[PDB]
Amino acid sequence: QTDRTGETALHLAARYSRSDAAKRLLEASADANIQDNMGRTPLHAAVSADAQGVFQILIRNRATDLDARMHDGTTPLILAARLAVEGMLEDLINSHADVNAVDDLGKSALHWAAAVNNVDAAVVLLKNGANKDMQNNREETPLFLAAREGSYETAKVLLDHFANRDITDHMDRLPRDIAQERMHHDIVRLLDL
């Protein structure tokens, strides 16, 4: 049963870090994948709440959909990269979440790590087979988004992984071009090295 935000008891257990409550619900065959009003499952809720105990319980539960999509296509892994929560991104990847899944705009977890300058997440994603040159629906690569947002440290990791700096967006702009337009002079310098 759902509340006014579409949350089940399991969503609430996640949001409030109630580990025993989570286990009893799952043992009673509570559906691990019910969506709230924004399409969040209890696993999205645990990532957003940084609820470590319930997070582990949910990823250890076989029937939990690790690649579940919010109503904008956001997965638990993309959410972990965006929010820069400790540990959870790597735990999801180790539990075999799809490193290359994308939201409804075509953005992977690596696109988002680049946009928010989550350098540690970019490193783990790349080490686990993330496509460094993936283009989203606007033809933007993670390097393009790092250059757009001024994410210097993540741009550097991407270049050290030999990300292709010549892949342009839908308007034929290079990462170097968007950095220049947005006055991210340190990135233009880095790209010119």
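Each residue number is its position in the shown sequence, starting from 1.
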For this session: Please work out which of 151 to 159 and 25 to 33 has the higher mean CA B-factor as recorded in the PDB entry.
Result: 25 to 33
Seminar exercise, completed: Looking only at C-alpha temperature factors in the entry, 108 to 116 or 82 to 90, the higher average sits in 82 to 90
Exercise. In this PDB entry, which of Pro142, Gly39, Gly53, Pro42 has the top CA B-factor?
Worked result: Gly53
For this session: Place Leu126 in the lowest, middle or highest third of its chain's C-alpha B-factors, as listed in the PDB entry.
Result: lowest
Exercise. Going by the entry, which third of its chain does the Cα temperature factor of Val47 land in?
Worked result: middle
